[PDB]
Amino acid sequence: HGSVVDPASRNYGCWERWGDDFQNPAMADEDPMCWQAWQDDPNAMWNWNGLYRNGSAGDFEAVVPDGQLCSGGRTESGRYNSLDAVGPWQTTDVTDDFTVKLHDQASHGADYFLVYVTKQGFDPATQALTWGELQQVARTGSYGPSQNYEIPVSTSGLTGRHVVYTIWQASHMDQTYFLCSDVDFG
């Protein structure tokens, strides 16, 4: 099990930035979206590698409703529902060409990755994510077992605040991870 670690996914980033200091009183002001997540269920961050669904059979729109993309369709008994909050999530700066890097403790492999980015004109700070507001930026073939996977993404004409949505179809069974990463193209 794993996540997108660079550009950090929403829950991985909240964990990386605040996990050693998760009750820091400055968090509400400095990173309100992480604060609300930690207040909803701290296990969304402690279990940063558990954002998956089993059995989707490749039909992701059937099991991930609009407005629930970042929780993987309110997966895992609602643990990650706070990741669907709309607001000024902390971004990672990326260039037009950037690498999506996943860490996987188990070396499951991938049948494929799908990578999307929110369209120009979509404002993640004030609008819920929907499938219709995504544009596909890459689809890959299979990756063999490894503790890390890298997807070299190339985009042009994307500026400012976006969300990257990475879908990892693992190879050990029908299991899929749904990772939102807030990014800033500048």
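Numbers follow the displayed sequence, beginning with 1.
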Comparing mean C-alpha B factor in the record for 29-37 and 57-65, the higher one is 57-65
Comparing 101-109 with 79-87, which has the greater mean CA B-factor as deposited? 101-109
From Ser154, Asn43, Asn49, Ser142, can you pick the one with the highest C-alpha B factor in the entry? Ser142
Ranked C-alpha temperature factor of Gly160 among modelled chain residues, by third: lowest
Against its chain's modelled residues, does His172's Cα B factor rank lowest, middle or highest third? highest
